[PDB]
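Presented as structure tokens, the chain that follows is alone, the form deposited in one PDB entry.
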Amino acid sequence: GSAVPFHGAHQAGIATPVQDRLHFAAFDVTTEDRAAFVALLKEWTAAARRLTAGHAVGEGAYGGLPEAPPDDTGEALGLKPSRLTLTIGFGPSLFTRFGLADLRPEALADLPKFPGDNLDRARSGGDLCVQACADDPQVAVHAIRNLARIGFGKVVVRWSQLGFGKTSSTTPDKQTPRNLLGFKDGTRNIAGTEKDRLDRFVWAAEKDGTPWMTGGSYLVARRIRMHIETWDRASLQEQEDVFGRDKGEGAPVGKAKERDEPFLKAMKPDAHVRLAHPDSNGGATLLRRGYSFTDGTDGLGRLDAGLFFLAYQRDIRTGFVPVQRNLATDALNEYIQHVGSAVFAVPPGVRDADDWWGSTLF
């Protein structure tokens, strides 16, 4: 229930241990006034400093003037910080405004068309994003709601996604969670302690060509539907072939323990792990940080389940793109469909109480 520090060379919410709940919001900008937008970013940073510490925004949730609306909507009163992190990102479309064209990073790459793509343009894209992660879903909702409220007239929410439970891990010493296909998800990720690997694979460096992005990262988001009726009638052997690990322990095929190193030649040629492994993609490595979702029924008598997939990397062109290209033949494709997509440049961290979100860009 403790707080995660807000300041740092990097934004929290990436290498931070993965909290239980997600409320992810993408926003479109509705003002042409660069000065107005910069003022918003500063006001948003001030609110985030309050929210991540478990304090109400502005002058609080009650006790102000009776005839004025409260500054904070109040549904997080009496709750602890609950490990809330708030991570902001800038979408490619944003750089068509405020004269930012020349500052769009090369590594903020548009994604190519992938086979099987069925992307809903409504729940895709976005000028910017805010990833709210916490162990308490009310805490995460309260933060998005109050950010949106502060931004009224300058931003609007384009689409949002809640994740009811994590399917990722940055802490290999704790239990690996399972996704809705029933397999452990997150075993061979990057841990928040592996500072060497985070530098090599996640954080943008000054030499990469975009100086204002040093210390930031790049985010790929893909909403993925799961064909659970199809999956749930497949044999256990079929499910285990699809991934290359057994369902119970999550060990690589042939081995006894979850964390034993995979032996790729023992897996089928189209097994998910075999195709996704760094060694199959010239060393390309990802920080996976996704969450499970369910949004009611599908209107055809079934539950609607999926995986909201999030990956951070140092360069989209050397992370998500090569790996996802290698998944064209993935056995898993038979049970999933990508139905939403967006990319964001995640700026560096807020260094101290004088700093603000996006200050290196603006």
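Throughout, we count residues from 1 along the sequence that is shown. We call the rigid core whatever largest set of C-alpha positions still superposes within 1.5 Å between the two forms.
What follows is about the form deposited in another entry, which we do not show.
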*Which one of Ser82, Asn146, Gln131, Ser168 is the only residue whose C-alpha moves by 2 Å or more between the shown form and the other one, after superposing on the core?*
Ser168
*Mind checking the CA-CA distance of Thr171 and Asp136 in the other form? It differs by 3 Å or more from this form, so is it closer or farther?*
closer
*Specify closer or farther for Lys166 and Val323: how their Cα atoms are spaced in the other form versus the shown form, given a shift of 3 angstroms or more.*
farther
